[PDB]
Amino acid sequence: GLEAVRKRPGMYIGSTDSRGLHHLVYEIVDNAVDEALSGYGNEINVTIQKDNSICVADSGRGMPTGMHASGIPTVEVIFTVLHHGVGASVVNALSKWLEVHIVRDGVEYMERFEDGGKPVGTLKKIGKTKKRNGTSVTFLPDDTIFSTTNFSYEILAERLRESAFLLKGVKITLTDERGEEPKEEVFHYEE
């Protein structure tokens, strides 16, 4: 279960200091680049929000909104079961809250999780939008778990540039809004 992650997060993300904190960002990001390398998205946006929560947003197909063979939505399986989206449930387990916003085929979806991965209600259709297809994940890391919940902008920029090195024609932006004015870096290549 997700309790195993909270009991021994070191066996899942290496440590719960600054290193482990930033690792949470990379887990969600890698799912976006997986999608980019599959298809399927010309930009990945990473935003450090004012409340020290992280948003990771892509322009991919959008996380599947249908029922999983186990009898709960595929969105929920990805974020609540370990054992597509490796690391997503780990991030969910170690966050105070997390929500996923999905836009698929002109309809927008959302689901919220709290207290280490407990679903708040269920997956919901919000209503039709003109927005492009994509998945957006916001989460606030659990401060009772991490030694520090204070994201380094420099560390994120260096590692996202590295993730951009992997990619052709997809643009990775980092935004810090903590932060009286929106500070940001952009990386894109090329061939």
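In case it trips you up, residue 1 is the first one in the sequence shown, and so on.
**Q** Per the record, how many residues of the deposited chain fall between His83 and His84 without being modelled: none, 1 to 3, 4 to 9, or 10 or more?
**A** The entry has a long gap there, with 10 or more residues left out between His83 and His84.
**Q** Mind pulling up the entry and telling me whether 14-22 or 167-175 has the higher mean Cα temperature factor?
**A** The deposited B-factors put 167-175 ahead on the C-alpha mean.
**Q** Please compare 49-57 with 24-32 and name the stretch with the higher mean C-alpha B-factor in the deposited structure.
**A** Stretch with the greater average CA B-factor: 49-57.
**Q** Would you mind finding, among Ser70, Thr135, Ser147, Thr129, the residue with the largest C-alpha temperature factor in the entry?
**A** Highest CA B-factor of the listed options: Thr129.
**Q** Among the modelled residues of this chain, does the Cα B factor of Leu160 put it in the lowest, middle or highest third?
**A** For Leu160, the deposited C-alpha B-factor lands in the middle third.
**Q** Grab the CA temperature factor for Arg6 from the record and place it in the lowest, middle or highest third of its chain.
**A** CA B-factor rank for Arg6: lowest third.
**Q** Can you tell me which third, lowest, middle or highest, the CA B-factor of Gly106 falls into for its chain?
**A** Highest third, going by the recorded CA B-factors of the chain.
**Q** Based on the entry's values, in what third of the chain does the Cα temperature factor of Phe151 lie: lowest, middle or highest?
**A** For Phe151, the deposited C-alpha B-factor lands in the middle third.
**Q** Taking the values exactly as deposited, rank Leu140 by C-alpha B-factor within its chain and report the matching third: lowest, middle or highest.
**A** Ranked within chain, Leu140 CA B lands in the lowest tercile.
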